[PDB]
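Shown next, in C-alpha cells, is the structure this report addresses.
Chain A is the first sequence line, chain B the second, and so forth, proteins listed ahead of strands; every chain is numbered from 1.
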4 protein chains.
Amino acid sequence: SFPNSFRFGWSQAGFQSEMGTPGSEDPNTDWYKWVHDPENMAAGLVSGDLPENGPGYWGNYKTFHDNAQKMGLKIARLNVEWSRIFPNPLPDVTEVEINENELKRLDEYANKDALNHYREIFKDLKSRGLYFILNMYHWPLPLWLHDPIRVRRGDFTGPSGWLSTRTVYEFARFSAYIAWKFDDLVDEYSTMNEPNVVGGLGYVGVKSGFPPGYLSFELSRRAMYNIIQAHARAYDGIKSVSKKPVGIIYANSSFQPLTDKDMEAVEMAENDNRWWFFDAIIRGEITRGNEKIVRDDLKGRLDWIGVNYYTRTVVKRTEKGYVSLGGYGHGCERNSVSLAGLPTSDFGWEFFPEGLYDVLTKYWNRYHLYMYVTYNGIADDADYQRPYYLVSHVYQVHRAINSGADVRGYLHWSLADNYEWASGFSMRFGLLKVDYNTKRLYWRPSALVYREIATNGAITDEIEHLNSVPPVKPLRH
Amino acid sequence: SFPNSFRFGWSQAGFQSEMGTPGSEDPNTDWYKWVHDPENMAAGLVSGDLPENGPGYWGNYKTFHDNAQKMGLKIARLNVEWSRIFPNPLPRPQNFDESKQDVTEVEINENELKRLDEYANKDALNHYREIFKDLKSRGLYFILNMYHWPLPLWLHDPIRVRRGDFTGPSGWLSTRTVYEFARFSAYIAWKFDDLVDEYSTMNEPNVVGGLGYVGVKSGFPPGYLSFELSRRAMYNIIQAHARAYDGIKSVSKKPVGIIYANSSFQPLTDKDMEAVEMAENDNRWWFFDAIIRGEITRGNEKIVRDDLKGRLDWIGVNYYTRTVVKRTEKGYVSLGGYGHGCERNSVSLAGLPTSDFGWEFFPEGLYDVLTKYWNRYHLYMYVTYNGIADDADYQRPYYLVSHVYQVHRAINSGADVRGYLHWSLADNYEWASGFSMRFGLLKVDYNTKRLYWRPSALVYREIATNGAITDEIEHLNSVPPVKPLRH
Amino acid sequence: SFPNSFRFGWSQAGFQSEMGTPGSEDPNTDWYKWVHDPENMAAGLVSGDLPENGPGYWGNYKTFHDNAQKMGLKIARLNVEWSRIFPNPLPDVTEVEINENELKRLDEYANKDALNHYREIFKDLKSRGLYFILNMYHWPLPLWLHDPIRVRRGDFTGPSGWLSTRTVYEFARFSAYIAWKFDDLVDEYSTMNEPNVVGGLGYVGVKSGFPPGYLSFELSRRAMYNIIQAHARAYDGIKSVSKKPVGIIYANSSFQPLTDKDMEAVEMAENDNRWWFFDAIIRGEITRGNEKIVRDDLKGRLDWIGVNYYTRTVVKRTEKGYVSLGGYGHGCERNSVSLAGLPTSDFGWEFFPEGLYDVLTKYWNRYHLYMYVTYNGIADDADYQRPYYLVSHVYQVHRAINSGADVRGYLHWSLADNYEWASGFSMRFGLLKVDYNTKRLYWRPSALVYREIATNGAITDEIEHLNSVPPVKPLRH
Amino acid sequence: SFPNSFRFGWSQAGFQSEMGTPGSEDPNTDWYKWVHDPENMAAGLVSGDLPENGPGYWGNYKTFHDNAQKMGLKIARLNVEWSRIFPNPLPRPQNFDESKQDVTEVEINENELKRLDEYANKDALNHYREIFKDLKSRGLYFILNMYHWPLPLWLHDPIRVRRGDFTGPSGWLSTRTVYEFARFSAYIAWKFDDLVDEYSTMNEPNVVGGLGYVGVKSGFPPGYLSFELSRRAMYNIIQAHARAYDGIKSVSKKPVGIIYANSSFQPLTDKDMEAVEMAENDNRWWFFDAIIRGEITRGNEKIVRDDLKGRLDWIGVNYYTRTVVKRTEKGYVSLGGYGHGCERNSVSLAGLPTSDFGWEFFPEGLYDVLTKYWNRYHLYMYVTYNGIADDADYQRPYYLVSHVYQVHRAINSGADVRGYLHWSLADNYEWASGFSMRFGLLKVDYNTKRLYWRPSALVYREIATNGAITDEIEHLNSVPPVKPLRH
C-alpha cells in the first residue's frame with residue numbers, strides 16, 4: 001500500500017508518439033532529417049522506419065486519454081516539440097534575460113496552430129483528473145538550430161546543436177515562453193529528458209545511430225557542458241514566470257560489482273555517469289576545460305529529480321580504472337538469458353528490479369530531493385515478461401519509500417507502443433499494443449495488471465506472485 | 001457477442017481439488033491407493049506427489065467461489081466422489097447374475113433408494129449439500145457429474161489387477177460395478193435434484209478404458225496391458241451410462257448428458273481425408289452411435305440394442321489439441337511431433353508452440369469438433385473442458401481468447417453451444433503427473449493454499465463480465481509468438 | 001601414453017548388431033517376440049523398430065573388421081546368442097556337473113550352421129590381430145526358456161526366464177559348451193553383460209519397455225538371486241574346459257553427493273547398487289537375517305571385472321535412507337543441459353567423465369582385480385559431443401592407471417550404430433554412422449580421432465584440447 | 001574425385017596472423033592505429049583486442065607449414081605487408097599531377113626499381129623470402145597476394161579522415177596511393193618471381209571501399225560515411241589493380257589475378273528473380289566488367305577505357321554465405337534474418353544453422369557463384385576463401401565437406417576451378433571483431449601460441465591426401481542437425 005498522494009501513470013515523448021494521423025507531420029527536426037537520410041539508412045544506423053507512420057497521438061489523443069482513465073492512471077509526463085512551436089529561424093552563459101517585452105516578441109514568431117493544438121491536448125488531459133508534468137525537451141532540435149548531416153560529415157560551419165551556445169540561449173527563452181503560456185495547466189516542470197544520452201550516444205556511442213553521430217570525446221564534453229548551462233538558464237527562465245517545481249529527467253543504471261573486490265569500481269562508475277552531472281546543477285561543482293570550480297549561476301537549480309531506470313550495469317576494477325562487462329544489463333542477446341541466468345527483453349536488456357531500489361535510495365541519501373520514477377518499462381511485444389517486470393519494479397519503489405526516500409509517483413514507459421528512435425517501431429514498450437495500419441489500441445494483459453495496481457493504489461494480494469523473475473525454462477535461452 | 005443464455009464458467013474434479021485441508025482425506029479409492037503404491041512410485045508410473053497435499057476445495061470452497069464470482073463466472077461443472085458417499089461394501093444383490101454379459105435394466109424404486117440411504121455416509125452427503133448451496137448462492141448454473149475416474153476400493157483393487165490377479169474387485173471389468181453405478185447415479189439425483197440444473201453421468205470414459213488398459217506408460221489404474229480387457233471395460237462403461245441415464249430419469253426430469261475427451265483429427269496431406277474419417281469412427285462415432293442410436297458391437301457381432309438407444313440429452317465436448325493422421329495400406333496412423341505427442345515447452349513439426357504438457361496450440365480444432373458433433377446428432381453441447389498447462393501464464397491468454405473465438409464461430413455456423421467451461425479455476429492434482437502440471441486461471445501456493453490471479457484470469461473476467469471478446473482483447477485471438485519461447 | 005600392453009577397441013552385442021542381412025534373422029528370443037508384440041507397440045513400450053532391419057554384422061562382419069583394423073583397434077568384446085546355437089527345447093544351485101559325455105550329448109542338439117558361422121566370424125576377427133573377449137550372454141534368452149508376454153500378463157505357468165532355476169542350470173551348460181568349442185579362439189571370457197540392468201528394468205523400471213515388464217520388487221530380487229548363481233555355475237563350467245580368465249560385465253554409475261553432507265548417502269548407494277553384488281561373487285558374502293553368511297560355492301568366482309560406465313548419479317540423504325535426484329546423470333532432458341550446467345546427450349545422459357576415475361579406483365581399492373573398461377559411449381547422431389566424450393574419458397582411464405589401478409583396455413560403445421533395445425535405431429552410439437537402407441558405414445569425425453588415439457596408444461598433443469566439456473552455449477538448452 | 005592437378009590448401013592474411021611474438025609488431029599501418037584508437041574502442045567500433053597478441057606466424061611459420069604438410073595440403077595464398085617493406089615515406093614524384101583523375105600508366109624500368117630498392121627494408125624482405133622458401137620446400141604451390149587491407153601510415157592516417165579532415169594522407173581517396181601501389185607490386189614481383197607460381201593484386205577491394213565508407217558500423221577504417229567517397233575509393237582501387245597488373249607483367253610472365261568477396265544472391269519469392277540480377281550487377285558484375293572488358297563509369301556516364309581492358313588472368317572466388325533479396329518499387333533490398341545478417345549460434349528464418357558470426361549455412365551458393373563467373377568470363381578460378389567461425393567445431397565438418405562437394409559439382413558442369421583454399425589454417429585476428437571469431441582448422445591457444453587439431457582438420461586431411469571426398473566421409477555433405485544446436 002502506497003501513500004495517499006502517490007500517483008501511478010505513464011511517460012511519453014512527442015517525436016515518438018505524435019505523428020501518424022493526417023496533418024500531424026513535423027519535418028523540421030534534426031531527428032526527422034536524420035532518420036530519412038539515405039546514407040544513414042544504407043549504413044544501418046537507422047531502421048528505415050519513419051515516424052510519420054506512428055501511433056498518431058496528435059490526432060487521437062482523446063482515445064489515448066480514455067484508455068489511461070479506464071486504467072486508473074493519475075499522472076502523465078509529456079513534452080512539447082520545440083520545432084512545432086518555432087519551426088522558422090529567429091533573428092559560459094551565466095544569465096539569459098527574460099522579461100515581458102521579450103516574451104511578447106517571441107509570441108509574434110510562434111506557430112499559433114501548434115500552440116492551440118497542444119492546449120487542447122493538455123486541457124483534455126487535465127479534464128481526466130491527470131496530474132501533469134510538462135517536459136520541455138525530449139531530444140529533437142529545430143533544424144534551424146542543428147543540421148546533423150553536416151556535422152556528421154565533419155563540417156562545423158552550420159547550425160551545430162548543443163555544440164553552440166546559440167542553442168543554450170534559445171532553449172532558455174523557449175522554456176520560459178512555454179511556461180508563460182501553459183502554467184495554468186502544468187503542475188510540475190522538467191527542463192529536459194536524459195541529457196546524458198543525447199551527449200553520450202550523439203558523440204561517443206555512434207553505433208547507436210543517434211545524431212549527429214560524430215565520434216569525439218572532446219565534443220561530447222562540450223555538448224554536455226552546454227546542456228548543463230541550458231538547464232540552469234531554463235530553470236531561471238521558468239522561475240521568472242512560474243512558482244511551480246522545476247526538475248530534470250535523467251537516464252540511470254544500477255552499477256553492480258562483478259565480484260566483492262569491485263566495490264570501488266562501482267563508486268567510480270557512479271561518479272563518472274551520475275554524480276558529476278547532478279553535483280553541477282545542484283551544488284554548482286563543475287570542471288571547465290581542465291580546471292575544477294564552483295559556479296554560482298549553476299548552484300541550486302533543481303527542485304526534484306526524475307529517475308529513469310530499466311536495467312543494471314556490471315563493472316569490474318582494472319589497473320587503469322574500471323570497465324563494464326558485456327552479457328549483463330544493457331549488453332545482452334535479445335530474447336535470451338544473461339550470464340547471470342536472468343531473462344532478457346526484445347531489446348537485450350536484463351531483468352533486474354533490485355537496481356531500482358539501489359538508484360532511488362542513493363539519489364535520496366546524497367541530495368535529499370524528492371523524486372518521480374519517470375521511466376520504467378520493457379520491450380515486449382508478446383507480453384511474456386512485462387507482468388513480472390511491472391509488479392517487481394513497483395514493489396522496489398515501495399521498498400524505497402519504506403526506507404525513507406521521498407518518491408511521489410511511478411510513470412511507466414509507456415502507455416502505448418511508439419517509434420523507438422534508430423530502432424524504429426519493432427521495439428514495443430506499450431501497456432497497449434498499437435496496430436500501425438488502423439491506429440487501434442489493444443490491452444495487453446499487463447495493462448489489466450496495471451489497472452489493478454493503479455485503481456487500488458497498491459500491489460493487491462491477488463497479483464503478489466508477479467513480484468518474481470519470469471520463469472526462464474519456458475522462454476528462449 | 002454470445003447468445004443471451006450462454007454462460008462462461010469452469011470445470012473441476014473431486015479427486016484433483018478436494019483434498020488438502022485437515023479431515024478432507026479420502027483414502028478409499030483405487031486412485032488413492034494407486035498413487036501411494038511403493039512399486040508404482042519406484043517405477044516412475046506416478047509422480048510421488050500425494051493428493052492429500054492439494055488445493056483444499058473441501059475446506060476452502062467458499063474462497064474458490066468468491067474468486068469465481070469476482071471473475072464474473074455463471075456456470076460450474078463438478079462431480080461427487082462415489083467413495084465419499086459409500087465408503088463401505090454393499091451386500092451382494094439377491095437376484096443378479098454376474099456372469100451375464102448385458103445389463104439391460106436396473107430397477108429403481110422408492111424402497112430401494114431408502115435401503116441405499118441407510119448405507120450412505122451422511123457427513124459427506126451434508127457437506128456436499130453445503131458446497132453446492134454456496135455455489136448456487138453466487139448465481140452459478142450447476143452441472144453435476146456423477147463420476148470422474150476414482151472408484152470405491154471395495155469395487156476396484158487396482159494393485160491386484162496390475163499383478164494379473166482377477167479374483168478380486170475388478171472395477172469396470174465387472175458388471176457388479178455397472179449395477180452399483182446406476183443405483184449410485186439415481187441415489188444422488190434423488191438427494192440433490194433441487195440444486196442441480198443439468199446432469200452428466202461420467203467424465204471421459206474413453207480415457208479411463210484407454211489409458212487404464214492400453215496406454216499403461218501413462219500410469220493410470222489398473223495398468224494391465226490388454227486390448228481385450230480394454231474393450232470389455234468400454235463395453236461395461238457404455239451400459240453403465242445407459243443404466244445411469246434411466247436411473248436419473250426415474251427421479252428427475254432434468255437433462256442428462258455425458259462428458260467425453262476429443263481431439264480434432266487432421267490430415268497430414270490432402271490425400272489423407274479418408275484417414276481422418278477412419279480415426280473419427282474409431283475414436284468418437286462408435287461410442288456415441290451406441291448411446292444415442294443404440295448401435296454397438298458385442299463380441300464379434302454388430303447389433304442394435306433397444307436399452308441403449310436414446311440415452312442422451314446433451315453432449316459435453318472436452319478439447320485441448322489435435323491429432324494428425326495419414327493413410328497407410330493397413331489403415332491409418334497418428335504422427336508424433338503434433339498434437340498430444342510433442343516435446344514440452346517447445347514447437348511442433350508445424351511450427352506451433354507446445355505447453356508444459358507437450359500439447360500443441362490448435363484452436364481451429366474446437367470448431368471442427370463442435371460442428372461435426374452438431375451435424376451428426378443435432379444435440380446441444382457444452383464445452384466442458386478447455387485449458388492449458390502453463391505455470392508462467394505465457395500462452396494461456398492467447399489460448400483462452402482463441403478458443404472462445406472458435407466457439408463463437410461454431411455458433412454462427414448453427415451449432416447449439418450453450419456454455420464454455422475452462423479447465424480450470426485453480427491449479428490441482430493432475431493424476432499421475434502430480435502438481436507440476438498447472439492448469440489454473442488461479443495459481444495455487446500448496447504450502448499456504450492461497451490463490452493468486454494469473455493475468456489470464458483478468459482476461460477471463462473481461463470475457464465473462466462482457467459476455468464477449470471485447471475489442472480491447474481481440475489481438476489475443478492469435479498464436480503465441482514462438483520466437484521468444486523455448487524451442 | 002599408455003602401457004605397452006594396453007589395448008583400445010570396442011564392444012558389441014549380438015541382438016543389437018547381427019541382423020540386417022539375408023539369412024540373419026533370429027526370431028527365437030524373448031526380446032524378438034517382445035519388440036514385435038502388438039500390445040507393446042500400441043503402449044509405446046517399444047519403438048516399433050524391428051531388429052531384422054539392423055546393421056547386418058552377421059553378413060557384413062568382414063567390413064566391420066576392415067574398418068576396425070584401419071582404426072588401429074586391438075581388442076573386441078562380442079557375445080554369442082544362446083538362441084542361435086540352441087533354438088529348440090532340450091529334454092540354491094550349488095553345482096552343475098560338466099563332463100565329456102554331457103558335452104557330446106549337447107553337441108547333438110546344437111545348430112551346426114550357426115556354430116560354424118560364429119567360427120568364421122571369430123577367425124576373421126583374430127586374423128586382424130584383435131584380442132578377443134567372448135561374452136556368453138547379452139540379455140535375450142531362447143524362447144523355450146522365457147515367454148515374456150505370458151509373464152507380462154501375470155501367468156507364471158510357462159517358461160519364466162531368470163525366475164526359474166531351469167535357466168540357471170541350462171546357462172551353466174551353455175557356457176561350458178561354448179568354451180569347449182571356441183577356447184582356441186578366445187583370449188578371455190565374460191559370463192554375462194549387465195545382469196543388474198536385466199533384473200532392474202525387467203521387474204521394477206517397467207516404463208523402460210524391457211521384458212517381461214512385470215512390476216514386482218519380490219520377483220526382481222528372485223531374478224537377481226538366480227542370475228548370481230548362474231554366473232558362479234557358468235564360471236565353474238568354463239573352468240572345467242579352459243584355463244583362461246573368466247570375468248563379468250556390470251553396469252555402473254558414479255554416485256555423487258548433492259552437498260558435502262551427503263557422503264554417507266553415496267556409500268549407501270554404492271552398497272545397494274554395486275558392492276552387494278560383487279561381494280557375493282568374489283567373497284561369497286550374502287546377507288541372511290541381519291548376519292553375513294558365506295556361501296562356499298560362490299566365493300572366488302571372478303578373475304577380472306568389466307567396468308561399464310556412461311554417467312553419474314547424484315544422491316542426497318533422507319531420514320529413511322537416500323534418494324537419487326532428477327535433472328542429473330541418467331535423468332536429464334534430451335539434448336539439453338543438466339541442473340549443474342553440463343550438456344546432455346540424445347538419450348538425456350549427463351557429461352561426467354570424472355565418474356569413470358571414481359568407479360575404476362574404487363573397484364581397485366576394494367578387490368584389487370584387474371579391469372577392462374568394457375563400455376563407454378554416447379548417443380550422438382550429429383557427433384557434436386562424442387569427440388570431447390571420447391578424449392575426456394580416455395584421459396580419466398590414464399589417470400586411474402597412474403593412481404595404480406590395473407586397467408588393461410578401453411572398449412568404446414560402439415564401433416557402429418545398432419538397435420538400442422526398446423528405443424530402436426534412433427539412439428546412435430557408433431563411431432561409425434550406419435545407413436540402414438544401404439548398410440553402408442561412414443566415419444564420424446570422432447572415429448578419425450579414435451584412430452589417432454588407438455594407432456599411437458596415447459592422447460596425442462594435437463588433440464589434448466578435447467579433454468574438456470563440450471561448449472554449452474552453441475548447443476540446445 | 002578431383003582433377004589430377006587440383007590442389008587443396010588454405011588462405012591467410014599478414015595483419016591477422018603475423019604478429020604475436022616479441023619483435024614481430026608492425027605499428028606502421030592505418031589498421032594498427034585504427035584498432036588502438038581510444039575513441040574507436042569506447043564506441044565499440046573495435047573489439048579492444050590487439051593484433052600484437054596474435055598467433056605469431058612471423059616467428060612460428062615453420063610450425064604452421066609443418067602442420068599444413070601433415071594435413072596433405074598442396075597450395076597456399078599469402079600476402080606481403082606493404083608497411084613492412086616500406087615503413088617510411090617515399091619522396092613526392094617529380095612528374096605526376098595528383099589532381100588528375102585517371103592514372104592510365106605507371107612507368108616501370110630497371111633503374112626505377114633499383115632506386116626503390118634503396119628505400120626498402122631488407123631484413124623484412126629477406127624474412128619474407130625465408131617464409132616463402134620454406135613454403136616451397138614442402139611442395140606447396142604459392143599464390144602471392146600483394147594487398148590485404150592495411151596501408152602504410154604515411155599513405156593513410158585513418159583517424160584524421162574519420163574526423164572529416166582530408167588534408168592528410170587519405171588512402172584510396174588519393175591517386176598517390178594508386179601510383180605507389182603499382183610500383184610496390186612491380187617491385188615485389190621483381191624480388192620474388194622465382195618463388196611465386198601465380199599472383200593476386202589485392203584481396204576483397206569491394207569490402208575495403210564498402211565497409212570503409214558506407215558500412216561504418218562494421219568498424220573498418222576510415223569509417224567516414226559517404227556514398228561519393230565510396231565511389232572515388234573504388235574508382236582509384238580499380239586503376240590501382242590495372243597499373244599493378246601492368247607493373248607485374250613488366251617483370252614476370254606468370255598469371256595475375258584478383259581476389260573478391262562474393263555472396264550468392266537468392267530470391268525471397270519466385271517473383272524476385274529480377275532483384276537477384278540487379279544485386280549481382282551492383283555488387284559483382286560492374287567491378288569485373290571494368291577490369292576485364294574495360295567498361296566503367298567515370299563520374300556521370302559510361303565509357304570503355306583501353307588501359308583497364310584485359311587486366312586479369314584468373315579470378316579468386318571468396319564465398320561464405322548467401323544474401324536474400326526482394327523486389328521493391330525503387331529497386332531491391334536485402335533481408336535480415338538470412339545470410340550475413342542472422343543471430344549468432346542460432347537458426348535463420350529458413351531454418352538453417354548459423355555460425356559464431358551469425359552467417360547462414362548455404363553451400364549451394366558456392367555452385368551458383370562459380371558457374372556464373374565461368375559463364376560470363378570463362379577465366380579459370382581458385383576458391384580463395386571458404387570457412388566458418390566455429391570454436392567448438394560443431395558445424396565445420398559439415399561446412400567443409402558440403403562446400404568441397406559443390407566445387408566438384410561446378411567442375412562437372414564445366415567450370416575451370418583449380419583449387420580450394422580454406423579460411424583458415426589456424427585461428428587469427430578477425431579485424432574489428434578481434435580474436436573471438438575462430439576460423440581455424442587448427443585451434444590457437446593465444447597464451448602459449450600452441451596449435452591444436454580440431455576434428456575438421458582430420459577430415460580435411462582425408463580429403464587432401466586422397467584428392468577426393470572419400471566414401472567414408474560422404475555423409476558430411478549435409479546440413480548440421482539443428483535440433484541438438486541452440487535455436
For D:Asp471 and C:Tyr442, run side chain to side chain contact (heavy atoms under 4.5 Å, CB included): C-alpha distance rounded to whole Å, both residues' side-chain angles, the deciding distance at 0.1 Å, then the answer.
CA-CA 7 Å; D:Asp471 294 334; C:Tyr442 298 87; 6.0 Å; no
Does D:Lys443 have more than 12 heavy atoms from other residues, nucleotides or ligands lying within 6.0 Å of its NZ?
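Correct, the count exceeds 12.
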C:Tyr395 atom OH: more than 12 heavy-atom contacts under 6.0 Å:
no
Below 4.5 Å, heavy-atom pairs only: which of D:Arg344, D:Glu474, D:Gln395 has the largest tally toward chain C?
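Most heavy-atom pairs under 4.5 Å with chain C: D:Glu474.
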Is the closest basic N to carboxylate O distance between D:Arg461 and C:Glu462 below 4.0 Å?
no
Residues 54-64 of chain C: residues contacting chain D (heavy atom under 4.5 Å, by number)
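Heavy-atom contacts from residues 54-64 of chain C to chain D are absent.
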D:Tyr394 side chain to C:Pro471 main-chain N or O, any donor-acceptor pair under 3.5 Å?
yes
Taking every heavy-atom pair that is under 4.5 Å apart, which of C:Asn335, C:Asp435, C:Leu448 has the most such pairs with chain D?
C:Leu448
Under 4.5 Å from any heavy atom of chain D - which part of C:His465
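Contact with chain D is through both the backbone and side chain of C:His465.
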Heavy-atom cut-off 4.5 Å, strictly under: side chain, backbone, both or neither for C:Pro343 against chain D?
neither
